[PDB]
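Shown next as structure tokens: one chain only, the form deposited in one PDB entry.
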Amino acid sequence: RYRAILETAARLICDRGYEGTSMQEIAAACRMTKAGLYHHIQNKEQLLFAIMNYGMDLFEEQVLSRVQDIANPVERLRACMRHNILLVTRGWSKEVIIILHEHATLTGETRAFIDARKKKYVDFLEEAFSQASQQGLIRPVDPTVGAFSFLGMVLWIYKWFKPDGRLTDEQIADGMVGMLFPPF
């Protein structure tokens, strides 16, 4: 019902962008009128905030929740990279791509709320890079450099990847994992 609308607004806000998508063609896609759409959601800003929260929920469910209980820090980063890459490549959630593209669209309390959820993922990586680097499991590296190098590789995928391209998302994953986390 409710999240069935975000499913529809996310598809449009993703193809045409937040500022480029209108509340008219969203409601027209949801089979309503501009007025009827405002009954379920407060306004266009709260619509994006909802989409970006529903995205972080799907992210934590299919990535962090699967790798947060791995003892070896480097083994935890490998699995995290492989799961994150498949989340972007498979295209299972367009709410996640909106979070990567509209990174500076929100403002105020809605901005600070999602930003605080994103930095929880950075601190997760900063910690794993600080553990591995100290246990001698990877070449020494500043935990921040590693975290955003990690994030840069996997999250920049949404700008160039296509499922019908040469390689598969599987091959790209194996290649990046071995490229950043090789046996040491």
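Numbering starts at 1 and follows the sequence shown. Just so we're on the same page, rigid core means the largest C-alpha set that superposes within 1.5 Å between forms.
Higher mean CA temperature factor, per the PDB entry, when comparing 33-41 with 55-63: 33-41. Higher mean CA temperature factor between 24-32 and 138-146: 24-32, per the PDB entry. The entry lists a Cα temperature factor for residue 101 that places it in the lowest third of the chain's modelled residues. Sorting the modelled residues of the chain by their CA temperature factor places residue 107 in the middle third. When the CA B factors of the chain's modelled residues are split into thirds, the value for residue 77 lands in the lowest one. Annotation for residue 69: CA B-factor lies in the highest third of the chain's modelled residues.
There is another form of this protein, the form deposited in another entry, and it is not shown here; the text below is about that form.
With the core fitted between this form and the one not shown, just one of 120, 34, 139, 159 shows a Cα displacement of at least 2 Å, namely 34. Once both forms are fitted on their rigid core, the CA atom of residue 76 lies less than 2 Å apart between this form and the one not shown.
Core-superposed comparison between this form and the one not shown: the Cα of residue 96 travels 2 Å or more.
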